[PDB]
Structures are given as C-alpha cells and as structure tokens.
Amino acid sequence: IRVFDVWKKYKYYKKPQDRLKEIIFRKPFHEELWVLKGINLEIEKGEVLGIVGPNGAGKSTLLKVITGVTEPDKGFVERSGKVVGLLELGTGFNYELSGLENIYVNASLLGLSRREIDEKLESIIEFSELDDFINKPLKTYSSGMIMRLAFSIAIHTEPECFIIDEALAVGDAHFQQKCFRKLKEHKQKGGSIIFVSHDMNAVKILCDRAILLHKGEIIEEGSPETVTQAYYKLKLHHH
C-alpha cells in the first residue's frame, strides 16, 4: 500500500576475496551500492499498477520491499494486508507429501486459517485440474503439475495484493484465462495487482496506472500511455 522514501543498499565486492579480507582485516572492503533511492509509491485498493524499466532498475528489490521479504535501509513501507508474488509460490512445498497435504502447508504459510482452507479445498483442487493426482506425492508430479498446484493455491489465498512477476507471464493455454478471471474478481473486491512486464502493449491493456523505474528511482508516473512513452524515450538514451 504505502512506500515512504525508501532506500535500500547492498554490500558489493569488486572480487570475492575482498569478502575474505573483510573478516580478517575487520574493516570494510565493499562498496555500499543503492538499488533503491527514495521510492515514494502508493498501491491503492482496486487498481492494477504496471511497473516497467530496464534490468538493473531495482524492480525486484522494490517487489521484495513491498512484500516485506526485505526491509528498507531508510524510509518505511506499510500495508493493510498480505502481498503474494513469485517468491511465495510453493513456499513450504514438501515433495514427500501429497498435493493435498501441500495445499494445507502452503496455504497456511500464505495466511489462510484451517477453516478457510477447508472451505476452499475443493475449489483449489478443481481449479488445478490435478484431481486424479491430489493424493499422490509431489515427487511423482511433473514440473508442470507442481507449478499448476502452486498457482492454484496461491490465487485462492485472498491477499490484499498479487504481484504478477515478469516470469509468471508464461503459462499453459486456457489456464491463464481461469487465472485472469480470478484476478478480475480479486480487483472487484478491492484487491490490487502489480503487473511487472516488458510488454508495453500489455501494460497499456491491463493496467490502470504505471511507474517507470530506472537506476533505483521512479522517473515517471501516471497513465500507462505516458509511462510507456517515457520508457521509449529512456531507451533512446539508455544503452
């Protein structure tokens, strides 16, 4: 929901041994590099926010500050509810356990109560199309079946916000439409969505507003049309 003047840095070593000299010398041999510099950002209930920018812009660090996987070095972030994205998919999955048991493990870590998972269990199964394999252990699943289960649990956990990472965009045909429908319902109940994409036409189609990120800063905000035109302008002068 609210990102307030957030800065984030990471220690950076010119060669792996400056790490080794740091422990032995007891003095830093690293450079403090800032992936995020004074981010101010609000994601409001009911909106789809597009986030675009080049590879080292800091997008994924911004996603982790938003979700709380990472804490800012300056500033703060506040949120009314849970955020679910790539890095939460399949958390706690155990390949010795059946897909039924992994629903309970994963859904619980993603915030649902035992009663809520009981209430949603058949929906998650039917949505997954795995019904014939739900009592078999994950170690017997194909990779596509494992991904299918992780998506199917996650999309039912009613967070405040879903992050649609740039990698999530690829998926099996017709399963996307089902997820697309769930995501519109989510938005209709006041949920928010963060769409991270390099598809500028998709950003204009799906998002209500967007930001352009570059070298750790938001350099443009507003309508998808405005932010994508600013991205093109940036790529005329960036690399």
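Numbers follow the displayed sequence, beginning with 1.
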(request) Report the stretch with the higher mean CA temperature factor, choosing between 182-190 and 30-38 on the basis of the entry. (result) 30-38
(message) When the Cα temperature factors in the entry are averaged, is it 191-199 or 168-176 that ends up higher?
(response) 168-176
(message) Is residue 225 in the lowest, middle or highest third of its chain when residues are ranked by C-alpha B-factor?
(response) highest
(request) Select lowest, middle or highest to describe the third in which the CA B-factor of residue 143 falls within its chain in this entry. (result) lowest
(message) When the deposited Cα B-factors of this chain's modelled residues are ordered and cut into thirds, is residue 20 in the lowest, the middle or the highest one?
(response) highest
(message) Ranking every modelled residue in this chain by its Cα temperature factor as given in the entry, which third contains residue 134?
(response) middle
(request) State the tercile, meaning the lowest, middle or highest third, of residue 88 with respect to the CA B-factors recorded for its chain. (result) lowest
